[PDB]
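1. Build me a model from this:
(4 chains)
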Amino acid sequence: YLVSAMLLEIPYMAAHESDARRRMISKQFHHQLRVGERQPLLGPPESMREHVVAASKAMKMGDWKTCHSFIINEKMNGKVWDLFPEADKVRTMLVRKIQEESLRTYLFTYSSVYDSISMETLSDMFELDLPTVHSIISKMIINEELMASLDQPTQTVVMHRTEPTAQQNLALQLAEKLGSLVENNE
Amino acid sequence: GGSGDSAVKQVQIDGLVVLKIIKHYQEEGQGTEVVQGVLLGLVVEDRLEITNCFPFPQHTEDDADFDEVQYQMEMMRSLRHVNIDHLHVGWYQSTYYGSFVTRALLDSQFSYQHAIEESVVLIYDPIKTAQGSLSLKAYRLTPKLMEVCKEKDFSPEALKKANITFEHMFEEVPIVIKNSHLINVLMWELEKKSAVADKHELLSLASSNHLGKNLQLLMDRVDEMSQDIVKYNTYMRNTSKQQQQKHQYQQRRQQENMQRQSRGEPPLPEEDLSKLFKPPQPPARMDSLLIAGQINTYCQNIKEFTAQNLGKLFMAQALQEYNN
Amino acid sequence: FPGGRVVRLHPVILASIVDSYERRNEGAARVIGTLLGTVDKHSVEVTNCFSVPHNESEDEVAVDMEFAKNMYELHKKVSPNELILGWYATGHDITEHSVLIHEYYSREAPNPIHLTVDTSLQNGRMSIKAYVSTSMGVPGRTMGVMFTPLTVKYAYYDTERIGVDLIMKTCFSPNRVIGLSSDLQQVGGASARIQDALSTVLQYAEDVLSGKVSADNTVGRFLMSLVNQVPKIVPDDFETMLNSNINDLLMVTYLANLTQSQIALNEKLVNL
Amino acid sequence: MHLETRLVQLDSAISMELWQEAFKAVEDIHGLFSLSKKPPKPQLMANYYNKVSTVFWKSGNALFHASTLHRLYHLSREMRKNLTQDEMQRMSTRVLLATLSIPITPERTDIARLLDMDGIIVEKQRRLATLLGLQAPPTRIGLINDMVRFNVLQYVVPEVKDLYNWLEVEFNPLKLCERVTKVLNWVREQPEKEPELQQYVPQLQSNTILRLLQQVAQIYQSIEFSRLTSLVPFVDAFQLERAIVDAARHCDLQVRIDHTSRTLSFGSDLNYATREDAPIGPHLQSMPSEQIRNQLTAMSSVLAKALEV
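-> Numbers count the residues shown, from 1 in each chain, chains lettered A, B, ... in the order given. Please see the structure below:
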């Protein structure tokens, strides 16, 4: 949930070539593969039902479905630490819920806010500054860092430049295998 | 002038045929490949003058199941009562694609042309092709394929037929060129919606003003192309990677197994020499998937030559017009 | 309310008229059938018809109705359009046979809605004329029916009607549909000739004395309507947007002719 | 013997929070009722339709909840022709029930699943619609407007007769945040005004945001949220901002999202691609301003041409 709902959101802009096919998808395939879906009861739904609303960041919709009746369902209490496993967990949520603006909500963002972004997610400002810092050196977002002002203009305009290269995603498979047909033949 | 290979002529679809087509245009089957009828023409000077064609009603709620031949047998009875006999000189669709030759319908087109060699199969294109180049495609199937019949078979009759190497696309005939005088009264309808009841002629020039402005016209087409060229192209190459996983990569190791044993024993068999060289599943070619692979990738490129020029002529127009 | 005001048929039935009348199968003068049409009970939305062989003379009356009922089953089975509305006949108009086949139509007993075919080279008389009748009481003679004329509307699917619009250009002189793009830019230029020849004379008429009368804020509003959406005012920022459009079509077009190469390139090393 | 006990199989499970077998139960009852078409239908389908209403309220989306309430409105008027419920307050109650359950959500987030076979559940929406008695899946306010064809916008109580005339037809980017919300509170009346019609306040919020934002975004092309925050004086502030960002990200409109100075201009034109109508249906009343694209020349040029001749 913390190495899937983050990792493959950077190549899931119709940019598939990092595919990990042993994950929640063992569940995610089958418990959206039905029609009548209301309040979750089991572990897998009561995990997936706020996973999908951790996807569309919703920073408290993602958290406060992991701390209702799980505590007696042997998630929170069952570990011989009461509020320290959740203090580990919900911190690990509050950090992977600024790293949602990173890959997800950056579309038509030309100006960006930073004081209020950590105040919104009620986290230590530096603790959510250092992973957005990580995202520049690791994820290399089409955005520009100027952190003496504590703002970043993005200039992210690949909006429909990315779709004729969605037609190149395959002209890659064209180009990959014409670098493989003679390997076949000769 | 308009002869193909020995038996066939071009087609001549006067506009009064075209209107019984576009009544069942892309509706009673929108995202459903309705075979929109059989081209009931006749054999006149250089041309298969189509006169009246009847739309065939596949059981269209969400799919297409083949309906009664009693329909076709009464539509032919019906046309015989006032019009020509059932001189079916082709069959026609549209139907929800810009310039595509459907393989299973190309087999329905093949056996149709083996039966009546004087046949061109129409692919109508309304504005769904984005307007767009070549709207009426009376695509007949190669007579060199109609020679090596039946049909295009997978492993045998592929190397044999692709040493004969029958063409993949052939004779997309010129259709409606001349004042046939069926015409008459739809001309006499122009001079009235040229005249004072002219509210309907402009509204056809309206289908011009809410086509462009708003419709993804490039993008959503290029996205559907962005889906078509990733699956079809990689699969043909997965074919053209699996075939020489077997053509050479196997026969590299098949002869390696054979040559190692000194190519048999003098006093006995030659047991494993008879056992070795067991032919792989594609030994040759796989020219059945591939021929229509040729057609449908070459068809990707007509859509592409469509997405070519349709484009250009906006980039011309809005760089032209804008600039004043 | 009057059921008969306007009958909404399109050139399918116009093609059903000519073809049925240009083969006939020895159809001397008069061909007839049962009209197929839907009813909004104010505007009569029509689509198809179907025809019969007749010996329509004096005093022999002939419309194969049972056959027209059975191909009504065909026409509805092929397309869920309509149900039978009346009789549709060739020239001449209202006489004794038209009402003796309305008897043959009251045999099945729906509300009658007709359509005459004009066999004449007139221009004043409209090519096609629909008909209803009131009174329509008639427990008397055969059928003393009081005929109302019905003006026609040519209103169905518009890419048909623009398909018609090029059938109008066939009608002028075909005009095959081969060079779609190249030739719809020729008629786009032809439209622009209509503009300049129209706009110049409606100017110079008011340079003389009292022009721009039917062209003050009619075409004056539609000069404004030309420039509403072509061209855009004079915005060079939007010309750059386009000049990047000139880049992406080149790409769409380049990808296009390369996958043309990728046909024979990949698909035919089968061919060795 | 069967259908009355198969609705216990349903009603008992939904009262004990069991939704997957509640869906199985609404499947079984309809599979049962299908072969009881041979006798004429008894007019006690309302209770089954009021249960599946209580299942689709949160299980399926309120597209399916409102659609089964459209069904329940129609068949319960059919009741009051034969049954004759001498009930004017009930007339108001069922018509307002339909109308308040209509404006819920504009567009679905089926792009968590787009990854693997997008066409599944959208095709399954037919399998839900056929259970409902629908032939095609549900569309939008066109439903309520071919049902103000009937006497509903007068049958509804003059508590909320007058308001829908502002939600849909009578539009203003300044005077509808202070039109909808007064009568939101006027129906918030919990105890005697059915305390079940109060779950529609946070979706009326959600709709009002993304709708009236389309309005403002097409009406003008630049107002700073420095005053838009108070210009929409609802019950929100920071989730208001983040729901404006939610309207931007899933693209009911396009505004340049995260402006610090809060000078958010909308832009022209650049994007009548995928995200103008969101996706195809128009949620704008006849305000929206103009844009240009490709063939648009032929169009109005050749329109305005052939009518004056």
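
2. my read: residue C:234 touches residue B:321, true?
-> No. Counting by CB atoms under 8 Å, residue C:234 does not reach residue B:321; the two are 10.7 Å apart. Backbone N, C-alpha and C define where each C-beta goes, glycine included.

3. Have a look at those two and say which one is more surrounded.
-> Counted by other CB atoms under 10 Å in any protein chain shown, residue C:234 and residue B:321 do not tie: residue B:321 has more neighbours, with 18 against 10.

4. in chain A, which spans are helices?
-> Applying DSSP state H to chain A gives helices spanning A:25-28, A:43-55, A:84-95, A:115-120, A:125-137, A:171-177, A:181-185.

5. My error: substitute the stretch 101-250 of chain B in the last question.
-> Assigned helices in the stretch 101-250 of chain B, in chain order: B:103-115, B:143-147, B:184-187, B:199-204, B:219-242, B:244-247, B:249-260 (criterion: DSSP state H, counting those that start in this stretch).

6. Out of these, flag the one nearest residue C:100.
-> helix B:184-187 (27.9 Å; CB to CB).

7. What is the closest one packed up against?
-> helix C:11-22, helix C:158-172 (3 or more CB pairs under 8 Å, 6 or more residues apart in numbering or on different chains; DSSP states H and E).

8. Export those helices as TSV, with columns for distance to residue A:87.
-> Shown next, in TSV, are the helices and strands packed on helix B:184-187 (distance: least, CB to CB, whole Å):
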stretch	distance to residue A:87
helix C:11-22	74
helix C:158-172	64
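
9. Quick check: which of the ones you listed is nearest to chain B?
-> Go through these one by one with CB to the nearest CB and the one that ends up closest to chain B is helix C:158-172, at 2.4 Å.

10. Output the contacting helices and strands for the next helix or strand after the closest one.
-> Downstream of helix C:158-172, the next assigned helix or strand under DSSP states H and E is helix C:180-208. Judged by 3+ CB pairs under 8 Å, 6+ apart, the packing partners of helix C:180-208 are helix B:289-320, helix C:219-229, helix D:296-307.

11. Out of the ones you listed, the one nearest residue C:159 is which?
-> Taking these one by one with CB to CB, helix D:296-307 is closest: 14.2 Å.

12. what's in contact with the closest one?
-> Here helix D:296-307 makes contact (CB atoms under 8 Å, 6 or more residues apart in numbering or on different chains) with B:198-199, B:201-202, B:204-206, B:208-213, B:317-318, B:321, C:188, C:191, C:194-195, C:221-222, C:225-226, C:228-231.

13. just stretch D:114-134 next, same as before
-> So stretch D:114-134 is contacted by A:12, A:25, A:29, A:32-33, A:35, B:62, D:26-27, D:30, D:52, D:60, D:64, D:67-68, D:71, D:110-111, D:113, D:135-138 (CB under 8 Å, 6+ apart).

14. Show the buried residues in those.
-> A:12, A:32, A:35, D:26-27, D:30, D:52, D:60, D:64, D:67-68, D:71, D:113, D:137-138 (16 or more other CB atoms under 10 Å in any protein chain shown).

15. Now the two most distant members of these.
-> A:12 and D:71 (38.4 Å).

16. Contact partners for the residue of the stretch 1-150 of chain C found nearest chain D?
-> The nearest approach of the stretch 1-150 of chain C to chain D comes at residue C:80, 12.8 Å away (CB to the nearest CB). For residue C:80, the contact set (CB under 8 Å, 6+ apart) comprises residue B:28.

17. re earlier: mind putting the helices and strands packed on helix B:184-187 into JSON lines with mean neighbour count and distance to chain B?
-> Below are those laid out as JSON lines (neighbours: other CB atoms under 10 Å in any protein chain shown; distance: least, CB to the nearest CB, whole Å):
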{"stretch": "helix C:11-22", "mean neighbour count": "23", "distance to chain B": "3"}
{"stretch": "helix C:158-172", "mean neighbour count": "22", "distance to chain B": "2"}
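
18. Can you name the residues of chain A that neighbour chain C?
-> A:161, A:164, A:167, A:168, A:171, A:174, A:177, A:178, A:181, A:185 (CB under 8 Å from any CB of the partner chain).

19. Which residue lies nearest the spatial centre of chain D?
-> residue D:103 (3.2 Å; CA atoms, centre = their mean).

20. element containing the residue lying closest to that residue once chain neighbours are set aside, please.
-> The shortest distance from residue D:103 to any non-neighbouring residue, by CB to CB, 6 or more residues apart in numbering or on different chains, is to residue D:207 (4.8 Å). Residue D:207 is part of helix D:201-219, with elements assigned from DSSP H and E.
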